[PDB]
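Everything on this sheet refers to the single structure shown next.
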Amino acid sequence: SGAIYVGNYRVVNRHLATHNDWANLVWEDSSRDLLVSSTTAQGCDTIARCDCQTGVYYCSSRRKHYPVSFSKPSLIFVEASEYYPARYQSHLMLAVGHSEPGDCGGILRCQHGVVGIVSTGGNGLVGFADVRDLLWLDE
Ligand SMILES: NC(=O)[C@H]1CCCN(C(=O)[C@H]2CCc3cccc(Br)c32)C1
Ligand SMILES: [Zn+2]
């Protein structure tokens, strides 16, 4: 679990969005596993606007942060789950690192700010949904 709070927006994994997120919907994209809802309170976070390919992510299944080298956002095939059929997920970045289901929503940060959130994983891999291209989060 986890979210990004920036301005009057909450950014979550689309597959973990709540009834309240859907009732306050701003934008969602199944192909990216992202959903953004509106908030009444002003948010705690800064979004990176950069091309970093290194950063640090929070891994809830270890209660620890780990450094990572990650690929640029791309279209990656993701196996079927209870939430989606087998499909290509866009704007996804992969890295070598521990992840389990339950780790979705953990933040990836570089020195410039928040880069994205955990969205996929596998045997020693972790995948992050990029948010750096969503320029409107800042206004
Ligand atoms: N973005 C998606 O389609 C997600 C939906 C939930 C499921 N998903 C995953 O990758 C999960 C299932 C297998 C596994 C192993 C280690 C970490 C994670 Br996170 C996962 C894809
Ligand atoms: Zn950066």
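For chain A, we keep the numbers from Swiss-Prot: what you see runs 869-1007, in order.
According to its header, this structure was worked out by X-ray crystallography, 1.3 Å.
Here the Cβ of each residue, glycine as well, is placed from N, Cα and C on the backbone.
Annotated features in Swiss-Prot:
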ACT_SITE  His883  active site, for protease 2A activity
ACT_SITE  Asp901  active site, for protease 2A activity
BINDING   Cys918, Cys920, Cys978, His980  Zn(2+) 1 binding site
ACT_SITE  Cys972  active site, for protease 2A activity
Ask   = So of all those recorded positions, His883, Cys918, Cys920, which one's Cα sits nearest to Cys972 (active site, for protease 2A activity)?
value = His883
Ask   = Could you give the Cα-Cα distance between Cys978 (Zn(2+) 1 binding site) and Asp901 (active site, for protease 2A activity), in whole Å?
value = 21
Ask   = Within the set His883, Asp901, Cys972, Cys978, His980, which recorded positions show a CB-to-ligand 2 distance under 6 A?
value = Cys978, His980
Task = May I ask which of the recorded positions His883, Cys918, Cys972 have a CB within less than 6 Å of any atom of ligand 1, listed in sequence order?
result = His883, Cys972
Remark   = Cα-Cα, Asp901 (active site, for protease 2A activity) versus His980 (Zn(2+) 1 binding site), nearest Å, comes out at 23
Query = If you count the C-beta atoms lying within 10 Å of each candidate's C-beta, which of the recorded positions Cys972, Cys978 ends up with the smallest number?
reply = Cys978
Task = Round to a whole number and give the Cα-to-Cα distance in Å for the pair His980 (Zn(2+) 1 binding site) and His883 (active site, for protease 2A activity).
result = 27
